[PDB]
>>> print(open('entry-v2.txt').read())   # compact mmCIF, C-alpha atoms and all ligand atoms
# COMPACT_ATOMS: atom_id res chain seq x y z
CA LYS K 8 -25.41 8.54 -42.07
CA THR K 9 -29.09 9.34 -41.45
CA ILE K 10 -31.78 12.03 -41.62
CA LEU K 11 -33.54 10.62 -38.54
CA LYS K 12 -33.74 11.79 -34.95
CA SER K 13 -30.76 9.69 -33.86
CA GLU K 14 -28.20 7.24 -35.17
CA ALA K 15 -29.63 4.69 -32.73
CA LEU K 16 -33.07 4.97 -34.37
CA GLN K 17 -31.53 4.43 -37.81
CA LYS K 18 -29.61 1.41 -36.56
CA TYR K 19 -32.79 0.06 -34.94
CA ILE K 20 -34.53 0.03 -38.33
CA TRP K 21 -31.64 -1.79 -39.96
CA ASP K 22 -31.16 -4.32 -37.15
CA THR K 23 -34.87 -5.03 -36.71
CA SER K 24 -36.34 -4.80 -40.19
CA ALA K 25 -33.78 -4.53 -42.98
CA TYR K 26 -30.77 -6.72 -42.22
CA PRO K 27 -32.98 -9.76 -41.37
CA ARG K 28 -34.63 -9.43 -44.80
CA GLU K 29 -31.54 -8.50 -46.83
CA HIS K 30 -30.27 -10.87 -49.52
CA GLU K 31 -26.87 -12.30 -48.69
CA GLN K 32 -25.32 -10.79 -51.83
CA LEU K 33 -26.61 -7.32 -50.92
CA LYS K 34 -24.84 -7.62 -47.56
CA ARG K 35 -21.69 -8.78 -49.34
CA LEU K 36 -21.92 -5.85 -51.77
CA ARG K 37 -22.20 -3.39 -48.87
CA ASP K 38 -19.21 -4.96 -47.12
CA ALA K 39 -17.13 -4.90 -50.32
CA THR K 40 -18.03 -1.25 -50.81
CA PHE K 41 -16.99 -0.30 -47.27
CA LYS K 42 -13.75 -2.26 -47.61
CA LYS K 43 -12.82 -0.50 -50.86
CA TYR K 44 -14.11 3.03 -50.27
CA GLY K 45 -14.27 3.31 -46.48
CA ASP K 46 -16.49 6.15 -45.36
CA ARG K 47 -17.19 7.04 -48.99
CA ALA K 48 -19.50 4.00 -48.95
CA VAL K 49 -22.06 6.48 -47.56
CA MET K 50 -22.90 7.25 -51.17
CA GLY K 51 -24.66 3.93 -51.54
CA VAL K 52 -28.36 3.42 -51.10
CA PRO K 53 -28.91 2.20 -47.52
CA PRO K 54 -30.64 -1.09 -46.70
CA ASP K 55 -33.95 0.34 -45.47
CA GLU K 56 -34.25 2.36 -48.67
CA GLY K 57 -33.40 -0.80 -50.63
CA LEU K 58 -36.13 -2.89 -49.08
CA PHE K 59 -38.57 -0.07 -49.78
CA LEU K 60 -37.54 0.11 -53.45
CA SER K 61 -37.91 -3.65 -53.70
CA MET K 62 -41.49 -3.55 -52.44
CA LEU K 63 -42.36 -0.61 -54.67
CA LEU K 64 -41.11 -2.42 -57.77
CA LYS K 65 -43.19 -5.46 -56.94
CA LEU K 66 -46.33 -3.48 -56.15
CA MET K 67 -45.98 -1.61 -59.43
CA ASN K 68 -45.36 -4.80 -61.40
CA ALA K 69 -42.31 -3.12 -62.88
CA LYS K 70 -40.41 -5.03 -65.54
CA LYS K 71 -38.18 -2.58 -67.44
CA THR K 72 -36.27 0.04 -65.48
CA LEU K 73 -33.59 2.71 -65.83
CA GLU K 74 -30.96 3.66 -63.28
CA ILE K 75 -29.02 6.92 -63.59
CA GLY K 76 -26.03 6.52 -61.29
CA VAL K 77 -24.92 3.08 -60.09
CA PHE K 78 -21.79 3.36 -57.88
CA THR K 79 -21.05 -0.12 -56.51
CA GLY K 80 -24.56 -1.31 -57.29
CA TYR K 81 -26.60 -1.68 -54.09
CA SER K 82 -29.79 -0.24 -55.58
CA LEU K 83 -29.05 -1.95 -58.90
CA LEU K 84 -28.79 -5.39 -57.32
CA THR K 85 -31.84 -4.63 -55.16
CA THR K 86 -33.77 -3.80 -58.34
CA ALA K 87 -32.56 -6.84 -60.25
CA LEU K 88 -33.53 -9.14 -57.37
CA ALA K 89 -37.00 -7.57 -57.08
CA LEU K 90 -37.93 -7.61 -60.77
CA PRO K 91 -39.45 -10.72 -62.33
CA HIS K 92 -37.37 -13.27 -64.17
CA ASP K 93 -37.82 -11.39 -67.46
CA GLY K 94 -36.89 -8.01 -65.97
CA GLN K 95 -34.37 -5.75 -67.67
CA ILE K 96 -32.51 -2.71 -66.34
CA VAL K 97 -30.50 -0.09 -68.22
CA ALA K 98 -27.95 1.28 -65.73
CA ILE K 99 -25.68 4.22 -66.53
CA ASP K 100 -22.58 5.42 -64.66
CA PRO K 101 -19.17 6.66 -65.89
CA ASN K 102 -17.42 4.70 -63.12
CA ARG K 103 -17.05 1.13 -64.33
CA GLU K 104 -14.53 0.44 -61.53
CA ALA K 105 -17.20 1.05 -58.89
CA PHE K 106 -19.67 -1.16 -60.76
CA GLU K 107 -17.05 -3.93 -60.82
CA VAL K 108 -16.89 -3.88 -57.00
CA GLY K 109 -20.53 -5.00 -56.89
CA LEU K 110 -20.51 -7.13 -60.02
CA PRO K 111 -19.28 -10.37 -58.33
CA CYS K 112 -22.21 -10.11 -55.91
CA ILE K 113 -24.64 -9.48 -58.77
CA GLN K 114 -23.19 -12.53 -60.52
CA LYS K 115 -23.41 -14.82 -57.48
CA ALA K 116 -27.04 -13.69 -57.05
CA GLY K 117 -27.69 -14.91 -60.60
CA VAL K 118 -29.07 -11.64 -61.96
CA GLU K 119 -26.29 -10.21 -64.13
CA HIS K 120 -28.47 -11.00 -67.18
CA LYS K 121 -31.08 -8.46 -66.03
CA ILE K 122 -28.57 -5.60 -66.32
CA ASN K 123 -27.29 -3.54 -69.27
CA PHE K 124 -24.54 -1.50 -67.60
CA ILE K 125 -23.48 1.50 -69.68
CA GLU K 126 -20.14 3.18 -68.94
CA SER K 127 -21.00 6.78 -69.81
CA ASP K 128 -22.22 10.05 -68.49
CA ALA K 129 -26.00 9.79 -68.48
CA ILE K 130 -26.89 12.96 -70.41
CA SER K 131 -25.43 11.70 -73.70
CA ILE K 132 -27.16 8.30 -73.41
CA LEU K 133 -30.49 9.91 -72.49
CA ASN K 134 -30.08 12.41 -75.34
CA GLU K 135 -29.52 9.53 -77.77
CA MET K 136 -32.52 7.64 -76.44
CA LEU K 137 -34.59 10.77 -77.15
CA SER K 138 -33.15 11.59 -80.58
CA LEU K 143 -38.95 3.74 -81.36
CA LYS K 144 -38.37 5.56 -78.07
CA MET K 145 -37.47 3.23 -75.22
CA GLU K 146 -39.95 3.24 -72.35
CA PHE K 147 -39.47 2.32 -68.70
CA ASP K 148 -41.76 1.44 -65.81
CA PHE K 149 -39.40 2.93 -63.21
CA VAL K 150 -36.42 5.30 -63.22
CA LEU K 151 -34.05 5.82 -60.30
CA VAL K 152 -31.90 8.96 -60.23
CA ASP K 153 -28.90 8.83 -57.83
CA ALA K 154 -26.02 10.55 -59.59
CA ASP K 155 -24.64 14.08 -59.91
CA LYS K 156 -27.11 16.34 -58.11
CA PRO K 157 -26.49 19.50 -60.22
CA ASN K 158 -28.02 17.63 -63.18
CA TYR K 159 -31.14 16.29 -61.43
CA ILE K 160 -33.57 18.78 -62.99
CA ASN K 161 -32.00 18.12 -66.40
CA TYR K 162 -32.43 14.37 -65.81
CA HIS K 163 -36.08 14.96 -64.88
CA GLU K 164 -36.84 16.62 -68.19
CA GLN K 165 -35.41 13.60 -70.04
CA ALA K 166 -36.80 10.94 -67.70
CA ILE K 167 -40.37 12.33 -67.94
CA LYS K 168 -40.22 11.43 -71.63
CA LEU K 169 -38.74 7.95 -71.05
CA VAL K 170 -40.96 6.75 -68.20
CA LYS K 171 -44.40 5.47 -69.13
CA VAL K 172 -47.57 7.24 -68.12
CA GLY K 173 -48.34 5.71 -64.75
CA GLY K 174 -44.68 4.84 -64.17
CA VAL K 175 -42.42 6.30 -61.51
CA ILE K 176 -39.26 8.40 -61.40
CA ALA K 177 -37.58 8.24 -57.98
CA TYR K 178 -34.93 10.78 -56.91
CA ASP K 179 -32.45 10.00 -54.17
CA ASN K 180 -30.85 12.69 -51.99
CA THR K 181 -33.89 14.98 -51.90
CA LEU K 182 -33.27 15.72 -48.20
CA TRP K 183 -29.47 15.60 -48.68
CA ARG K 184 -27.86 14.91 -45.30
CA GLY K 185 -30.67 16.80 -43.58
CA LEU K 186 -28.84 19.96 -44.68
CA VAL K 187 -31.53 21.29 -47.05
CA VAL K 188 -32.36 23.34 -43.95
CA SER K 189 -29.73 24.64 -41.56
CA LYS K 190 -29.27 27.36 -38.98
CA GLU K 191 -25.67 27.66 -40.18
CA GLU K 192 -24.72 29.01 -43.58
CA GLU K 193 -23.07 26.88 -46.25
CA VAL K 194 -20.17 28.20 -48.31
CA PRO K 195 -20.99 29.11 -51.93
CA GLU K 196 -19.00 26.43 -53.72
CA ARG K 197 -20.34 23.62 -51.53
CA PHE K 198 -23.90 25.02 -51.59
CA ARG K 199 -23.98 25.14 -55.40
CA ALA K 200 -22.73 21.55 -55.61
CA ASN K 201 -25.06 19.99 -53.06
CA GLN K 202 -27.87 21.73 -51.23
CA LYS K 203 -28.79 24.22 -53.95
CA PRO K 204 -29.54 21.74 -56.78
CA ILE K 205 -31.65 19.67 -54.36
CA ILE K 206 -33.55 22.68 -53.01
CA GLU K 207 -34.17 23.61 -56.65
CA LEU K 208 -35.15 20.09 -57.68
CA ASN K 209 -37.68 19.93 -54.87
CA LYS K 210 -39.38 23.15 -56.00
CA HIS K 211 -39.25 21.92 -59.60
CA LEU K 212 -40.99 18.64 -58.79
CA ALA K 213 -43.57 20.29 -56.54
CA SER K 214 -44.45 22.67 -59.39
CA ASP K 215 -44.54 20.08 -62.19
CA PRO K 216 -48.17 19.33 -63.20
CA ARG K 217 -47.08 16.31 -65.28
CA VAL K 218 -46.38 14.27 -62.13
CA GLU K 219 -47.87 13.45 -58.76
CA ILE K 220 -45.22 13.49 -56.05
CA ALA K 221 -44.49 12.05 -52.63
CA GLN K 222 -41.31 13.09 -50.80
CA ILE K 223 -40.35 10.30 -48.40
CA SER K 224 -38.03 10.78 -45.44
CA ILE K 225 -36.16 7.49 -45.97
CA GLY K 226 -32.45 7.19 -46.71
CA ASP K 227 -31.18 10.55 -47.94
CA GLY K 228 -34.71 11.56 -48.95
CA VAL K 229 -36.51 9.82 -51.81
CA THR K 230 -39.05 11.68 -53.93
CA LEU K 231 -41.37 9.50 -55.97
CA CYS K 232 -42.88 11.05 -59.09
CA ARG K 233 -45.75 9.28 -60.84
CA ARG K 234 -46.15 10.45 -64.43
CA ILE K 235 -49.78 11.41 -65.16
CA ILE K 236 -49.50 12.87 -68.69
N1 LIG F 301 -22.89 12.34 -65.41
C1 LIG F 301 -23.15 11.22 -64.72
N2 LIG F 301 -23.97 10.26 -65.27
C2 LIG F 301 -24.26 9.09 -64.59
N3 LIG F 301 -23.74 8.87 -63.34
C3 LIG F 301 -22.92 9.81 -62.80
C4 LIG F 301 -22.63 10.98 -63.46
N4 LIG F 301 -21.80 11.69 -62.65
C5 LIG F 301 -21.57 11.00 -61.51
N5 LIG F 301 -22.28 9.85 -61.59
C6 LIG F 301 -22.30 8.73 -60.67
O1 LIG F 301 -23.30 8.79 -59.65
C7 LIG F 301 -22.89 7.86 -58.63
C8 LIG F 301 -23.62 8.40 -57.41
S1 LIG F 301 -23.72 7.23 -56.06
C9 LIG F 301 -25.00 6.14 -56.74
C10 LIG F 301 -25.42 5.23 -55.57
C11 LIG F 301 -25.97 3.87 -56.01
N6 LIG F 301 -27.33 4.04 -56.47
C12 LIG F 301 -25.86 2.80 -54.90
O2 LIG F 301 -26.83 2.19 -54.46
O3 LIG F 301 -24.73 2.53 -54.47
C13 LIG F 301 -21.36 7.69 -58.73
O4 LIG F 301 -21.17 6.32 -58.90
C14 LIG F 301 -20.96 8.50 -59.96
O5 LIG F 301 -20.02 7.86 -60.80
MG MG F 302 -25.99 10.93 -55.47
>>> encode(input="entry-v2.txt", output="structure tokens")
Amino acid sequence: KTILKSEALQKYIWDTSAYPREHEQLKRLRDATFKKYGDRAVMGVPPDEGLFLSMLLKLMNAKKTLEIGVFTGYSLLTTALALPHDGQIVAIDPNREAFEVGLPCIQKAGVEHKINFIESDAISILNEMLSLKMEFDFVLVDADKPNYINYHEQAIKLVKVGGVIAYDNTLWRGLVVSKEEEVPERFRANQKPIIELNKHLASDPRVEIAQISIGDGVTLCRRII
């Protein structure tokens, strides 16, 4: 899976620059995910995106973060490894089984303590958090795309001024543009909420944005008010 010119170019990045710098337990988590879910493992954050997130977290001096959507935990383990010793992550996903695929790797890496995994749909947890308000340096959104705009309007209140909200899938499979037509039910579930998110973020004066053509598309939003 890639949004790049060729599969060979994507593999070149991984072979040259990501795999040689990838923590052993991140590799093991990827392999466990492929073994369990087969081609569904595509849903996970890929290794070049992971190494990018890791550097971003360090450059930002992030310490407290929020993850909306976890799956088997590739981005979660990436984040826990990148944060300082006193880092803490709140990570929300209704699928505890998927989390438990990655958990042994998280544990062997020694970073389980940095993670508060919450088995829930995210909206209800975020609503409760917004009902002292918790504050985060960084938020990663990689979950159910029809809710991404709704997550933005909660996350913009939970991230600190100067902090970052990152959205995965903002160039979803390269299919946000297409010469072919998509069928209504699939369009409404996938391309449409991303096309709409992208307009929403571009129009939001409360953030600065940078859409990055890495992974499945990552849009960084820096909160300015
Ligand atoms: N309402 C909801 N709230 C939080 N997570 C949800 C959700 N609906 C679906 N999801 C989750 O979003 C996930 C998307 S895949 C997340 C990928 C992950 N960041 C990685 O690196 O592997 C699935 O695990 C799914 O359970
Ligand atoms: Mg997703």
>>> residues_around(input="entry-v2.txt", residues="range 88-100 of chain K", least_positions_apart="4", cutoff="7 Å", atoms="only C-alpha atoms", output="number ranges by chain")
K: 61, 64-65, 69-77, 84, 118, 121-129
>>> write_last_selection(input="entry-v2.txt", atoms="C-alpha atoms", output="PDB file, in the frame of the given file")
ATOM      1  CA  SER K  61     -37.910  -3.650 -53.700  1.00  0.00           C
ATOM      2  CA  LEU K  64     -41.110  -2.420 -57.770  1.00  0.00           C
ATOM      3  CA  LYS K  65     -43.190  -5.460 -56.940  1.00  0.00           C
ATOM      4  CA  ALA K  69     -42.310  -3.120 -62.880  1.00  0.00           C
ATOM      5  CA  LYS K  70     -40.410  -5.030 -65.540  1.00  0.00           C
ATOM      6  CA  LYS K  71     -38.180  -2.580 -67.440  1.00  0.00           C
ATOM      7  CA  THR K  72     -36.270   0.040 -65.480  1.00  0.00           C
ATOM      8  CA  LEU K  73     -33.590   2.710 -65.830  1.00  0.00           C
ATOM      9  CA  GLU K  74     -30.960   3.660 -63.280  1.00  0.00           C
ATOM     10  CA  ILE K  75     -29.020   6.920 -63.590  1.00  0.00           C
ATOM     11  CA  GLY K  76     -26.030   6.520 -61.290  1.00  0.00           C
ATOM     12  CA  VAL K  77     -24.920   3.080 -60.090  1.00  0.00           C
ATOM     13  CA  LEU K  84     -28.790  -5.390 -57.320  1.00  0.00           C
ATOM     14  CA  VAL K 118     -29.070 -11.640 -61.960  1.00  0.00           C
ATOM     15  CA  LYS K 121     -31.080  -8.460 -66.030  1.00  0.00           C
ATOM     16  CA  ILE K 122     -28.570  -5.600 -66.320  1.00  0.00           C
ATOM     17  CA  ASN K 123     -27.290  -3.540 -69.270  1.00  0.00           C
ATOM     18  CA  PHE K 124     -24.540  -1.500 -67.600  1.00  0.00           C
ATOM     19  CA  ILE K 125     -23.480   1.500 -69.680  1.00  0.00           C
ATOM     20  CA  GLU K 126     -20.140   3.180 -68.940  1.00  0.00           C
ATOM     21  CA  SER K 127     -21.000   6.780 -69.810  1.00  0.00           C
ATOM     22  CA  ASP K 128     -22.220  10.050 -68.490  1.00  0.00           C
ATOM     23  CA  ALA K 129     -26.000   9.790 -68.480  1.00  0.00           C
TER      24      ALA K 129
END
>>> closest_residue(input="entry-v2.txt", among="K:143, K:208, K:48, K:152", to="ligand MG 302 (chain F)", atoms="only C-alpha atoms and all ligand atoms")
K:152
>>> atom_distance(input="entry-v2.txt", atom1="CA of residue 35 in chain K", atom2="CA of residue 228 in chain K")
24.2 Å
>>> closest_atom_pairs(input="entry-v2.txt", of="chain K", to="ligand MG 302 (chain F)", cutoff="7 Å", atoms="all atoms listed in the file", output="tab-separated table")
residue	atom	partner	partner_atom	distance
K:50	CA	F:MG302	MG	6.4
K:153	CA	F:MG302	MG	4.3
K:154	CA	F:MG302	MG	4.1
K:155	CA	F:MG302	MG	5.6
K:156	CA	F:MG302	MG	6.1
K:179	CA	F:MG302	MG	6.7
K:180	CA	F:MG302	MG	6.2
>>> axis_aligned_box(input="entry-v2.txt", around="range 9-20 of chain K", padding_each_side="4 Å", output="lines of an AutoDock Vina configuration file")
center_x = -31.4
center_y = 6.0
center_z = -37.2
size_x = 14.3
size_y = 20.0
size_z = 16.9
>>> atom_distance(input="entry-v2.txt", atom1="CA of residue 101 in chain K", atom2="CA of residue 194 in chain K")
27.8 Å
>>> atom_distance(input="entry-v2.txt", atom1="CA of residue 102 in chain K", atom2="CA of residue 49 in chain K")
16.3 Å
>>> residues_near_point(input="entry-v2.txt", point="(-26.2, -1.4, -46.0)", cutoff="8 Å", atoms="only C-alpha atoms", output="MDAnalysis selection string")
chainID K and resid 26 33:34 37:38 51:55
>>> build_atoms(input="entry-v2.txt", residues="range 213-236 of chain K", atoms="N, CA, C and O atoms", output="JSON list (two decimals), in the frame of the given file")
[["chain", "number", "residue", "atom", "x", "y", "z"],
["K", 213, "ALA", "N", -42.31, 19.87, -57.14],
["K", 213, "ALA", "CA", -43.57, 20.29, -56.54],
["K", 213, "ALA", "C", -44.42, 21.11, -57.50],
["K", 213, "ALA", "O", -45.64, 21.08, -57.41],
["K", 214, "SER", "N", -43.79, 21.80, -58.43],
["K", 214, "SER", "CA", -44.45, 22.67, -59.39],
["K", 214, "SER", "C", -44.78, 21.99, -60.71],
["K", 214, "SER", "O", -45.36, 22.63, -61.59],
["K", 215, "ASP", "N", -44.39, 20.73, -60.90],
["K", 215, "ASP", "CA", -44.54, 20.08, -62.19],
["K", 215, "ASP", "C", -45.91, 19.41, -62.30],
["K", 215, "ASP", "O", -46.12, 18.35, -61.68],
["K", 216, "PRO", "N", -46.83, 19.93, -63.13],
["K", 216, "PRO", "CA", -48.17, 19.33, -63.20],
["K", 216, "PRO", "C", -48.21, 18.00, -63.95],
["K", 216, "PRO", "O", -49.25, 17.35, -63.96],
["K", 217, "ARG", "N", -47.11, 17.58, -64.57],
["K", 217, "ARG", "CA", -47.08, 16.31, -65.28],
["K", 217, "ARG", "C", -46.87, 15.13, -64.36],
["K", 217, "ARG", "O", -46.97, 13.98, -64.82],
["K", 218, "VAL", "N", -46.59, 15.36, -63.08],
["K", 218, "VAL", "CA", -46.38, 14.27, -62.13],
["K", 218, "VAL", "C", -47.18, 14.52, -60.87],
["K", 218, "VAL", "O", -47.44, 15.68, -60.51],
["K", 219, "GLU", "N", -47.55, 13.45, -60.18],
["K", 219, "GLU", "CA", -47.87, 13.45, -58.76],
["K", 219, "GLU", "C", -46.61, 13.13, -57.99],
["K", 219, "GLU", "O", -45.75, 12.38, -58.49],
["K", 220, "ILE", "N", -46.45, 13.70, -56.81],
["K", 220, "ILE", "CA", -45.22, 13.49, -56.05],
["K", 220, "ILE", "C", -45.49, 13.05, -54.63],
["K", 220, "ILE", "O", -46.56, 13.34, -54.05],
["K", 221, "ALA", "N", -44.52, 12.36, -54.05],
["K", 221, "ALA", "CA", -44.49, 12.05, -52.63],
["K", 221, "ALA", "C", -43.03, 12.07, -52.20],
["K", 221, "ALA", "O", -42.25, 11.20, -52.60],
["K", 222, "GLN", "N", -42.65, 13.05, -51.38],
["K", 222, "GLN", "CA", -41.31, 13.09, -50.80],
["K", 222, "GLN", "C", -41.30, 12.26, -49.53],
["K", 222, "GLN", "O", -42.09, 12.51, -48.62],
["K", 223, "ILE", "N", -40.40, 11.30, -49.45],
["K", 223, "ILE", "CA", -40.35, 10.30, -48.40],
["K", 223, "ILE", "C", -39.06, 10.47, -47.62],
["K", 223, "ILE", "O", -37.96, 10.41, -48.19],
["K", 224, "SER", "N", -39.18, 10.59, -46.30],
["K", 224, "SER", "CA", -38.03, 10.78, -45.44],
["K", 224, "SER", "C", -37.33, 9.47, -45.08],
["K", 224, "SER", "O", -37.16, 9.16, -43.90],
["K", 225, "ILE", "N", -36.93, 8.72, -46.10],
["K", 225, "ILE", "CA", -36.16, 7.49, -45.97],
["K", 225, "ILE", "C", -34.82, 7.70, -46.65],
["K", 225, "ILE", "O", -34.72, 8.45, -47.62],
["K", 226, "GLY", "N", -33.77, 7.06, -46.12],
["K", 226, "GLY", "CA", -32.45, 7.19, -46.71],
["K", 226, "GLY", "C", -31.98, 8.62, -46.65],
["K", 226, "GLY", "O", -31.99, 9.26, -45.60],
["K", 227, "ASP", "N", -31.58, 9.15, -47.80],
["K", 227, "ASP", "CA", -31.18, 10.55, -47.94],
["K", 227, "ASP", "C", -32.31, 11.42, -48.47],
["K", 227, "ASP", "O", -32.06, 12.54, -48.95],
["K", 228, "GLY", "N", -33.55, 10.96, -48.33],
["K", 228, "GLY", "CA", -34.71, 11.56, -48.95],
["K", 228, "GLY", "C", -34.96, 10.95, -50.31],
["K", 228, "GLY", "O", -34.06, 10.96, -51.17],
["K", 229, "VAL", "N", -36.14, 10.38, -50.53],
["K", 229, "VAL", "CA", -36.51, 9.82, -51.81],
["K", 229, "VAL", "C", -37.80, 10.49, -52.23],
["K", 229, "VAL", "O", -38.80, 10.40, -51.51],
["K", 230, "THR", "N", -37.82, 11.14, -53.39],
["K", 230, "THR", "CA", -39.05, 11.68, -53.93],
["K", 230, "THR", "C", -39.53, 10.82, -55.07],
["K", 230, "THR", "O", -38.83, 10.64, -56.08],
["K", 231, "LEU", "N", -40.72, 10.27, -54.92],
["K", 231, "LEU", "CA", -41.37, 9.50, -55.97],
["K", 231, "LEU", "C", -42.23, 10.41, -56.82],
["K", 231, "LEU", "O", -43.01, 11.22, -56.29],
["K", 232, "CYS", "N", -42.13, 10.26, -58.13],
["K", 232, "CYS", "CA", -42.88, 11.05, -59.09],
["K", 232, "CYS", "C", -43.63, 10.08, -59.99],
["K", 232, "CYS", "O", -43.00, 9.31, -60.72],
["K", 233, "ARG", "N", -44.94, 10.12, -59.98],
["K", 233, "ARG", "CA", -45.75, 9.28, -60.84],
["K", 233, "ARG", "C", -46.20, 10.10, -62.04],
["K", 233, "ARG", "O", -46.86, 11.14, -61.87],
["K", 234, "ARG", "N", -45.81, 9.69, -63.24],
["K", 234, "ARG", "CA", -46.15, 10.45, -64.43],
["K", 234, "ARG", "C", -47.63, 10.30, -64.75],
["K", 234, "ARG", "O", -48.14, 9.18, -64.85],
["K", 235, "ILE", "N", -48.33, 11.43, -64.91],
["K", 235, "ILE", "CA", -49.78, 11.41, -65.16],
["K", 235, "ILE", "C", -50.17, 11.90, -66.54],
["K", 235, "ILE", "O", -51.32, 11.69, -66.95],
["K", 236, "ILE", "N", -49.26, 12.49, -67.29],
["K", 236, "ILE", "CA", -49.50, 12.87, -68.69],
["K", 236, "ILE", "C", -48.14, 12.83, -69.39],
["K", 236, "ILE", "O", -47.12, 13.07, -68.76]]
